[PDB]
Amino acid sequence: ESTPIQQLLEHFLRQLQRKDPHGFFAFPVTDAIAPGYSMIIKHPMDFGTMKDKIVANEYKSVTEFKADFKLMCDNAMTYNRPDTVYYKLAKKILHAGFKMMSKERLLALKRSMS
């Protein structure tokens, strides 16, 4: 059922998820687990939602995928205090993805597609 872009995005998503072994970013954050969340965070995102979007072929480019990844991390760093596991893990994931999906890495990949 898959396409080349879907396989590349599944690769990036798997590598990001390895950083979150307990699955704190695996499913949506609800108001039950996080008080007032829907008041503070306008556009929720999580790794499960991203996987579903890849499978449905909703992402046209690495840029569109990268935007959801950063949104997920940015929501966590805005809602949670800096002394929490959620804030610190989000900062770790953000750094990982910026390295993995840099313009330099994407250029090397594009050169290998010749």
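Don't overthink the numbering: it's just position in the shown sequence, from 1.
For the pair 32-40 and 65-73, the mean Cα B-factor is higher in 32-40. Taking the PDB entry at face value, the top CA B factor among 56, 89, 26, 50 belongs to 56. For residue 18, the recorded CA B-factor ranks within the middle third of the chain. Only modelled residues enter the ranking. Split the chain's modelled residues into thirds by C-alpha temperature factor. Residue 80 is in the lowest one.
When the CA B factors of the chain's modelled residues are split into thirds, the value for residue 5 lands in the middle one.
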